[PDB]
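Undergrad: Below are the structure tokens for one structure; questions will follow.
Quick note: the coordinates plus some simple rules give every number you see, no bench work behind them. Here the Cβ positions follow ideal geometry from the backbone for every residue, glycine too, while neighbour counts run over all protein chains shown.
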Amino acid sequence: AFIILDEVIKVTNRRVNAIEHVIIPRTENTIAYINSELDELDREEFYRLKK
Amino acid sequence: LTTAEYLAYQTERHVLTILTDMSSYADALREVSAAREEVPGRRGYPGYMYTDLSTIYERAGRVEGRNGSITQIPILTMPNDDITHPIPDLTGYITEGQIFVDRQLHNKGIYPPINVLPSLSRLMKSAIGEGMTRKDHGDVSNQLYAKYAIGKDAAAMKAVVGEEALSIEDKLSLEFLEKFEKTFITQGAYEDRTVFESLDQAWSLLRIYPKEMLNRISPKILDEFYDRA
Amino acid sequence: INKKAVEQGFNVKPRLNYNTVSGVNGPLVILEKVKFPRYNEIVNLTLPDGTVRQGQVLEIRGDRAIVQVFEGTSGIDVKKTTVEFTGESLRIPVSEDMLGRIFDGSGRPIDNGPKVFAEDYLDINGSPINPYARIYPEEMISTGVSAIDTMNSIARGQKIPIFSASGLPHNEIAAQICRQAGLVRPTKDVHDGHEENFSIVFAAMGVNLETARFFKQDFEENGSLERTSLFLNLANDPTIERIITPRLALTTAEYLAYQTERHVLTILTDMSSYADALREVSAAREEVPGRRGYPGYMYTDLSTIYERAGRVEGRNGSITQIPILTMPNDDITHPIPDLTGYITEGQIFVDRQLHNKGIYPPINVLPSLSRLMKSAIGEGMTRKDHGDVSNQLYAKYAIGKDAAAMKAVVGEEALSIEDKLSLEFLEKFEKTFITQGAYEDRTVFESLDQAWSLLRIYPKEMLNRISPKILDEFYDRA
Amino acid sequence: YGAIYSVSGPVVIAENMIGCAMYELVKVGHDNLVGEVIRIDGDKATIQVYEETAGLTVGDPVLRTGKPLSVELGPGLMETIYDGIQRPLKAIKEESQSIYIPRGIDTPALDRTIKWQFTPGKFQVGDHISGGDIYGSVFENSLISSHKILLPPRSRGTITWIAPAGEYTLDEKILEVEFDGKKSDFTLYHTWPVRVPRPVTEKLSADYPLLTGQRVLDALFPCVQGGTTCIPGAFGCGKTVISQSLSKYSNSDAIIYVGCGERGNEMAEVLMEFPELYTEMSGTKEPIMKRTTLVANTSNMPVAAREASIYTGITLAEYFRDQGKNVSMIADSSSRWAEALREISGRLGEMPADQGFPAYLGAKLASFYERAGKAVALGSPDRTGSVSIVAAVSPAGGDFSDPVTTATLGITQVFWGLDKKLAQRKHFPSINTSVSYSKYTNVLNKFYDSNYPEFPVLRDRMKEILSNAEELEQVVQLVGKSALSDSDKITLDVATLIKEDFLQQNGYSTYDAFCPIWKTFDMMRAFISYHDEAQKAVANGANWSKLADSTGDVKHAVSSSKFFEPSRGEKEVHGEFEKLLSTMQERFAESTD
């Protein structure tokens, strides 16, 4: 049980500190940088077309 | 493509057309469209690029009454290693397959660095089997694709969770994936191994698994070919 | 002897008053039939109620000129508003007497004193310096901050911003640096110490009134007021006008340094407000944007704001820029810090993580940099071990942070002995070396001795970066 | 004068409209709809009509008022309810007897029929007068005893006539000044452009605390009258107690409440609760409405009214500041005002800077929050007023990451972090101590050392003991309860006692409805002394369990310290607290044996 609990706690802490703490910044990067900038370029191009 | 059409459909030759860099063609089209102040379709590319790529690609294949054909194998570089880019996306929408050269596979030293998961041949289904290639080709290809996909999934899980959490199927999948990438995909630039040698090597790869877990192939093919050794 | 008498400034140039205002679109007002408009001419708006605002021409179109107004465009009437065309681009009345004077963001005195009895009218955003006539800055200044002197050191002539954020004590750090600034090897030209002090030019754009009072009070604290010129544009001041306050400060700094031959120390606080003013004017003008809505020319404009510092071939003056900027979300990939990182030579990072830890100054030295330290230190400057000690401190701090991260993922027990050494070094570092009194001044030699005391935690064998020659000389006592 | 040329949604172009200013409001159409000019093209001016324009006809005359968006400042705007553009909703309902607001209604913002008793000031005929000079006072209501009427800040001249003492209406002229020959008539009211900050002689540093009565924020995260505050406006966080405490028990001589774009139900709750809310001075004998004016906007109103709500509120607050009255402005939701700005920009087609917001949002917020602050009022006599802003923020997704809340947190010096979880557990006023902060603690050091010198060290000692207990909660959950040292358990129990009996305040109870600053400081002393005595005794004595079990009576006494009635008198309460501390010291001395 000590071996199993050590492995489980290590996996849980490792995930909560690396996997989640990289996936959440990964999603934030995706949205905030790429989706927002692509939408901004689309907005600029259609605004120029309207002009 | 016009000189290829002349040779294939008028002189009855078999033309293997190779287009060196379709990305440069797409960039030239984008430059012309931008200078034309036309409505962009995606990230500055013209909105009619679908029709232009259809015109370029569709002038291939065999036509009725002529003894010639055009086998078109264009080459295009994805700008950021992604299928989602407009060039490869619009290419795949009209083409009948693709061969994916994978950067991660190339960095591993494998040549040719062809990834089979994104690669496809949309008209391979009716070109293999009885009286053409060997009758196990389709099922062997299906089993290899399924095992490779399971190997990638198990490698991802092993990256996420421990190896012991993986089933025996998953460990066999990693073993098959390693031997597969190192021996079957890997091939010398001057080797020219026939499809029958490739099928025999594929069977030697598949014989890692027991008969029970080759579920994607018919029992007839399995009990005909598995024990040949 | 009188090279000065060739100015012929007595020429009277009458100015055209224009009532031909067609319309206003946001910060921009448009004139239809101006005659021979100038590219960057400054103009004077006269509101119907008699209020006088001023702005500069941005675009010219045949007989048409487009004018932005610094104080906003509320109230202009196409029937009763009159525009006066000066004929020259924006210029500041500059003199050596501006030291000790507090100015509005637009150069107007606000210390209840008189206007600048100018020795000359220097044009804003002057010409770039010839690269063939540039002196590479390699006179390190002893700021008294152990986090700054021993590692990412500052030379005389830096462009080194203090990266920070809202609520961080960047103002305190800037005040301490301005107070303790001084060469590590002073020239001792005069025993009275008159010219050994830095002249200071302070520009406050977009800051709240409390920050302006704090900086003014701190300059009154150190007897440095007579050596300071304050340009305070406050939060309630017009936002369109904030784009000239740093330019006015840089123009007066250039006059003081490359003409008066003083050693100017320029502080540009809250340049994020300047960047936001740039974004606002860009959105008003509706041109091609960059990342996160900032103008695509923001790189060049920020460079022109920054590149004005340095040292020239023939003059014995220098400008030492320390801009202060607030990252909106503690993000160093934001365009506001990213572009200034591309331009300036290094940065000083003020960390919220270290600030919440309670240490002062909260300088996260690992992401900070000093691009001109590589030649400002050595055998002749400071001490021969400076470079290797700084490199080893960087490497061991990085290893300590990595091992602290590994401590949370695999527990303390799995850490190797060198990892425990790294944690001990990081603890002692952050709480004995980075930590420094707000009025504590440490010479680079004292702080180097402290750095060696910290580095003596490790055995001599694993000090890989340090060269054997220096290691065999300094690792042991003395 | 003008004439309608083209209409499309809320924007109207008016031809032959030469001579109109930039933001000059105009009367659009036969309905006289109010609209603001936003672009000019020669004689053609672009008008942003506020209300619905579905009935406008090309050719309808449009008349220019000659002034920008201006609020009517004078007697009669107290105890009244306004919209964003200061329309008297009460008078709107009374004159029309209609459920809905009539389109194009033009009821005066100030009641022109009320006769106000006017007593003239020290200024006499022939004197020189400048902007902000009190030339008389008007008894508005029983609580605002003297509504000092002011010369408008932009006006000055030589007084040529003053109306004597008597009763006048807001249409009656009561002052004539001469400037460059031309005469000018001044009534009891004057209009001020809403967006230009109302000038002051000198803006001081706000150093007197904004005592609200809520012990947790009066002690841990104090605010200064003239400071800026940010609170979450999320649902059910309990911001109602904050608003009612600022409008009910604060030092403010007047209260400005603005509803930017709040939902209809919530605005109805506010508009019903405020009239039935009574003051504290002289023993709860007057309604706070006599001290409070409201700006109310439901979800669906003219978007320009929602955008100008906070500007109207801050202009009223500045007008009362120029009279020397410390005011506090409460914003129902700054996020709703930001949404109004975003929709205005979308209608104008401006370039979206950050998440669709305009690029000037940060500058607008900075300028608006810098409008606040203690300042010497313009003109003579030399009186000092102050405007403090308590603005609420409510992000749509609750991420607290959209630019408006980031700008508000960056600008505002004090943040009172109301939390969902604390309100769920019936803990009030539900201020999350861990996330809340106040940057006015350093400024208030002068006031503390002048009045309660021990206050700052007690405050940050309580801060650090609660932080230590918060981290030791995680330590306990990690290892086990028994692993704590005696001092650690002392810290834990002291923090729990604090959370139960100092931070938590019933508010509805008579004893803790309003906790004064001296009672707050005495409770600071009691709790900090309890922690220090326990720490010292255990450090130099026996186990903690026996001492705590034996000294539970002292813990109960310091718990009941919350129950001490402030109405008994400050001196009596201080003496009784001294008695409590004396008995505490004696009983701990007896126990440590």
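Matching residues to (1) more than 14 Å from every other protein chain (Cβ to nearest Cβ); (2) within 15 Å of D:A391 (Cβ to Cβ):
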site: D:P197; (1), (2): no, no
site: D:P209; (1), (2): yes, no
site: D:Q214; (1), (2): yes, no
site: D:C230; (1), (2): no, yes
site: D:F235; (1), (2): yes, no
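Undergrad: Now, a different point. Please find, among C:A438, C:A404, the residue that is touching a residue at least 12 places away in the same chain (Cβ under 8 Å) and either surrounded by 15 or more Cβ atoms within 10 Å (Cβ to Cβ) or among the basic types (K, R) (or both).
TA: Selected residue: C:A404, the only one of C:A438, C:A404 that is touching a residue at least 12 places away in the same chain (Cβ under 8 Å) and either surrounded by 15 or more Cβ atoms within 10 Å (Cβ to Cβ) or among the basic types (K, R) (or both).
For every residue, the table says whether it meets (1) touching a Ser or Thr at 6+ places or on another chain (Cβ under 8 Å); (2) of a type in the set (S, T, Y).
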{"site": "D:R103", "(1), (2)": "no, no"}
{"site": "D:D106", "(1), (2)": "no, no"}
{"site": "D:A109", "(1), (2)": "no, no"}
{"site": "D:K115", "(1), (2)": "yes, no"}
{"site": "D:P120", "(1), (2)": "no, no"}
{"site": "D:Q124", "(1), (2)": "no, no"}
{"site": "D:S137", "(1), (2)": "yes, yes"}
{"site": "D:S155", "(1), (2)": "yes, yes"}
{"site": "D:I159", "(1), (2)": "no, no"}
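Undergrad: Also: Would it be correct to say that C:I102 is within 14 Å of another protein chain (Cβ to nearest Cβ) and among the β-branched types (V, I, T)? Walk me through it before giving the result.
TA: Values: within 14 Å of another protein chain (Cβ to nearest Cβ): no; among the β-branched types (V, I, T): yes.
Judged against the criteria, C:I102 is not a match.
Undergrad: While we're looking at this one, here's another question. Pick out, from the stretch D:354-436, the helices (runs of 4 or more DSSP H) lying fully within it that include 3 or more residues that are more than 10 Å from chain C (Cβ to nearest Cβ). Spell out how you get there, then give the answer.
TA: Working: elements: D:361-370, D:403-411, D:420-424.
Filter on the stretch D:354-436 gives D:403-411, D:420-424.
Undergrad: Please go through the stretch B:158-174 and give me each residue that is more than 22 Å from the chain's Cα centre (by Cα) and either within 22 Å of B:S119 (Cα to Cα) or surrounded by 16 or more Cβ atoms within 10 Å (Cβ to Cβ) (or both), ordered by number.
TA: Step one: list which residues in the stretch B:158-174 are more than 22 Å from the chain's Cα centre (by Cα), which gives B:158-172.
Scanning the stretch B:158-174 gives B:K158, B:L166, B:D170, B:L172.
Undergrad: Scan C:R279, C:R285 and give me the residue that is within 12 Å of chain D (Cβ to nearest Cβ) and buried (at least 21 other Cβ atoms within 10 Å of the Cβ). I'd like the intermediate steps shown before the answer.
TA: On the way: C:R285 fails: buried (at least 21 other Cβ atoms within 10 Å of the Cβ).
Criteria check complete, one pass: C:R279.
Undergrad: Taking the residues in the stretch D:119-167 that are part of a strand (DSSP E or B) and of a type in the set (A, V, I, L, M, F, W, C) as candidates, determine which candidate is farthest from the other protein chains (Cβ to nearest Cβ). Walk me through how you get there before you give the answer.
TA: So the first thing to find is which residues in the stretch D:119-167 are part of a strand (DSSP E or B), and the list is D:119-120, D:128-129, D:134-138, D:147-150, D:157-162, D:166-167.
If we keep only those that are of a type in the set (A, V, I, L, M, F, W, C) too, we end up with D:129, D:134, D:138, D:149-150, D:159, D:161-162.
Numbers: D:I129: 19, D:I134: 24, D:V138: 28, D:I149: 23, D:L150: 19, D:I159: 22, D:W161: 25, D:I162: 26 Å.
Top of the filtered list is D:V138.
Undergrad: Can you name the number of the only condition in (1) out of contact with any helix residue (DSSP H, G or I) (no Cβ under 9 Å at 6 or more places or on another chain); (2) not in a loop (DSSP other than H, G, I, E, B) that D:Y448 fails?
TA: (1)
Undergrad: Here's a follow-up. Given the conditions (1) under 25 Å from B:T194 (Cβ atoms); (2) free of Cβ contacts under 8 Å to residues at least 60 places away in the same chain; (3) surrounded by 16 or more Cβ atoms within 10 Å (Cβ to Cβ), report the number of the one that B:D136 does not fulfil.
TA: Only one criterion in (1) under 25 Å from B:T194 (Cβ atoms); (2) free of Cβ contacts under 8 Å to residues at least 60 places away in the same chain; (3) surrounded by 16 or more Cβ atoms within 10 Å (Cβ to Cβ) is unmet by B:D136, namely (2).
Undergrad: Report yes if some residue within the stretch D:66-84 is hydrophobic (A, V, I, L, M, F, W, C), crowded, with 20+ Cβ neighbours inside 10 Å and within 14 Å of chain C (Cβ to nearest Cβ); otherwise report no. I'd like the intermediate steps shown before the answer.
TA: Going through the stretch D:66-84, the residues hydrophobic (A, V, I, L, M, F, W, C) turn out to be D:69, D:71, D:73, D:77-78, D:81.
Now narrow it down to the ones that are crowded, with 20+ Cβ neighbours inside 10 Å: D:69, D:71, D:73, D:77, D:81.
This time we only want the ones that are within 14 Å of chain C (Cβ to nearest Cβ), so: D:69.
Yes.
Undergrad: Further question: Here are the criteria: (1) within 14 Å of another protein chain (Cβ to nearest Cβ); (2) under 18 Å from the mean Cα position of the chain (by Cα); (3) of a type outside the set (G, A, S); (4) assigned to a helix (DSSP H, G or I). Tell me which single one C:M205 does not satisfy.
TA: (4)
Undergrad: Taking strands (runs of 3 or more DSSP E) that do not extend beyond the stretch B:20-128, which have at least 1 residues that are within 19 Å of the chain's Cα centre (by Cα)? Walk me through it before giving the result.
TA: On the way: elements: B:40-42, B:69-74, B:97-101, B:114-121.
In the stretch B:20-128, B:69-74, B:97-101, B:114-121 are the strands (runs of 3 or more DSSP E) which contain 1 or more residues that are within 19 Å of the chain's Cα centre (by Cα).
Undergrad: Something else now. Suppose we keep only residues that are away from every other protein chain (no Cβ under 14 Å), of a type in the set (S, T, Y) and in contact (Cβ under 8 Å) with a residue 12 or more places away in the chain within the stretch D:1-56. Which one would you say is surrounded by the fewest Cβ atoms within 10 Å (Cβ to Cβ)?
TA: As a first pass, look at the stretch D:1-56 and keep what is away from every other protein chain (no Cβ under 14 Å): D:3-10, D:12, D:27-35, D:49-56.
Filter once more, keeping what is of a type in the set (S, T, Y): D:5-6, D:8, D:50, D:53.
Okay, now just the ones that are also in contact (Cβ under 8 Å) with a residue 12 or more places away in the chain, so D:5-6, D:50, D:53.
Working: D:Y5: 19, D:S6: 13, D:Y50: 25, D:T53: 21.
Among those that are away from every other protein chain (no Cβ under 14 Å), of a type in the set (S, T, Y) and in contact (Cβ under 8 Å) with a residue 12 or more places away in the chain, it is D:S6.
Undergrad: Can we say D:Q97 is without any contact (Cβ under 8 Å) to a residue 12 or more places away in the chain and polar (S, T, N, Q)? Walk me through how you get there before you give the answer.
TA: Details: without any contact (Cβ under 8 Å) to a residue 12 or more places away in the chain: yes; polar (S, T, N, Q): yes.
The answer is yes for D:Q97.
Undergrad: Could you please find all residues in the stretch B:185-199 being over 16 Å from the mean Cα position of the chain (by Cα) and buried (at least 16 other Cβ atoms within 10 Å of the Cβ)?
TA: Taking the stretch B:185-199 first, the residues over 16 Å from the mean Cα position of the chain (by Cα) are B:188-194, B:196-197, B:199.
Correct list: B:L199 only.
Undergrad: I've got another one for you. Which ranges mark the strands (runs of 3 or more DSSP E) fully within the stretch D:172-259 that have 1 or more residues being within 30 Å of D:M462 (Cβ to Cβ) and without any contact (Cβ under 8 Å) to a residue 40 or more places away in the chain?
TA: Numbers: elements: D:173-179, D:182-187, D:190-193, D:200-203, D:228-232, D:254-258.
Where strands (runs of 3 or more DSSP E) fall fully within the stretch D:172-259, none carries at least 1 residues being within 30 Å of D:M462 (Cβ to Cβ) and without any contact (Cβ under 8 Å) to a residue 40 or more places away in the chain.
Per-residue answers, yes or no, for (1) surrounded by 13 or more Cβ atoms within 10 Å (Cβ to Cβ); (2) more than 29 Å from the chain's Cα centre (by Cα):
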| site | (1), (2) |
| --- | --- |
| D:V457 | no, no |
| D:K463 | yes, no |
| D:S467 | yes, yes |
| D:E471 | no, yes |
| D:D486 | yes, yes |
| D:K489 | yes, yes |
| D:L492 | yes, yes |
| D:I498 | yes, no |
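Undergrad: Would you mind stating whether C:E210 is surrounded by fewer than 24 Cβ atoms within 10 Å (Cβ to Cβ), over 15 Å from the mean Cα position of the chain (by Cα) and either part of a loop (DSSP other than H, G, I, E, B) or among the hydroxyl-bearing types (S, T, Y) (or both)? It would help to see each step written out before you state the result.
TA: On the way: surrounded by fewer than 24 Cβ atoms within 10 Å (Cβ to Cβ): yes; over 15 Å from the mean Cα position of the chain (by Cα): yes; either part of a loop (DSSP other than H, G, I, E, B) or among the hydroxyl-bearing types (S, T, Y) (or both): no.
In short, no.
Undergrad: With the condition being under 30 Å from D:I144 (Cα atoms) and hydrophobic (A, V, I, L, M, F, W, C), I'd like the strands (runs of 3 or more DSSP E) fully within the stretch D:1-116 carrying at least 1 qualifying residues. Even if it seems obvious, please write down each step before you answer.
TA: Working: elements: D:3-8, D:11-15, D:25-28, D:33-41, D:44-49, D:62-64, D:70-73.
Filter on the stretch D:1-116 gives D:70-73.
Undergrad: Does C:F429 qualify as being surrounded by 19 or more Cβ atoms within 10 Å (Cβ to Cβ), within 32 Å of the chain's Cα centre (by Cα) and over 12 Å from C:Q392 (Cα atoms)? Lay out the reasoning, then the answer.
TA: On the way: surrounded by 19 or more Cβ atoms within 10 Å (Cβ to Cβ): yes; within 32 Å of the chain's Cα centre (by Cα): yes; over 12 Å from C:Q392 (Cα atoms): yes.
Considered against the rule, which asks whether it is surrounded by 19 or more Cβ atoms within 10 Å (Cβ to Cβ), within 32 Å of the chain's Cα centre (by Cα) and over 12 Å from C:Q392 (Cα atoms), C:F429 comes out as yes.
Undergrad: Follow-up question, since we're still on this one. I want to confirm something. Restricting to the stretch C:52-90 and keeping residues that are surrounded by fewer than 17 Cβ atoms within 10 Å (Cβ to Cβ) and within 30 Å of C:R262 (Cα to Cα), which single residue is farthest from the other protein chains (Cβ to nearest Cβ)?
TA: C:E88
Undergrad: Scan (1) under 22 Å from C:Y255 (Cα atoms); (2) among the hydrophobic types (A, V, I, L, M, F, W, C); (3) surrounded by 18 or more Cβ atoms within 10 Å (Cβ to Cβ) for the single condition C:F117 breaks and write down its number.
TA: It fails just one condition, (3).
Undergrad: When you check D:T298 against the structure, is it touching a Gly at 6+ places or on another chain (Cβ under 8 Å) and not in a helix (DSSP H, G or I), yes or no?
TA: On the way: touching a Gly at 6+ places or on another chain (Cβ under 8 Å): yes; not in a helix (DSSP H, G or I): yes.
Criteria met by D:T298.
Undergrad: Here are A:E44, A:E37, A:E7, A:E20: which of them is at the interface with another protein chain (Cβ under 8 Å from one of its Cβ atoms), part of a helix (DSSP H, G or I) and either over 14 Å from C:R291 (Cα atoms) or aliphatic (A, V, I, L, M) (or both)? Talk me through it step by step, then tell me what you get.
TA: Details: A:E44 fails: either over 14 Å from C:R291 (Cα atoms) or aliphatic (A, V, I, L, M) (or both); A:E37 fails: either over 14 Å from C:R291 (Cα atoms) or aliphatic (A, V, I, L, M) (or both); A:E20 fails: at the interface with another protein chain (Cβ under 8 Å from one of its Cβ atoms).
Being at the interface with another protein chain (Cβ under 8 Å from one of its Cβ atoms), part of a helix (DSSP H, G or I) and either over 14 Å from C:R291 (Cα atoms) or aliphatic (A, V, I, L, M) (or both) holds for just one of A:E44, A:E37, A:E7, A:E20, which is A:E7.
Undergrad: Among the listed residues C:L339, C:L366, C:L372, which satisfies the condition of being surrounded by fewer than 17 Cβ atoms within 10 Å (Cβ to Cβ) and among the aliphatic types (A, V, I, L, M)? Lay out the reasoning, then the answer.
TA: Working: C:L339 fails: surrounded by fewer than 17 Cβ atoms within 10 Å (Cβ to Cβ); C:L372 fails: surrounded by fewer than 17 Cβ atoms within 10 Å (Cβ to Cβ).
Answer to the selection: C:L366.
Undergrad: Please give the number of the condition C:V34 fails out of (1) farther than 18 Å from C:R91 by Cα; (2) exposed (fewer than 15 other Cβ atoms within 10 Å of the Cβ); (3) among the aliphatic types (A, V, I, L, M).
TA: Going through (1) farther than 18 Å from C:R91 by Cα; (2) exposed (fewer than 15 other Cβ atoms within 10 Å of the Cβ); (3) among the aliphatic types (A, V, I, L, M) one by one, C:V34 breaks only (2).
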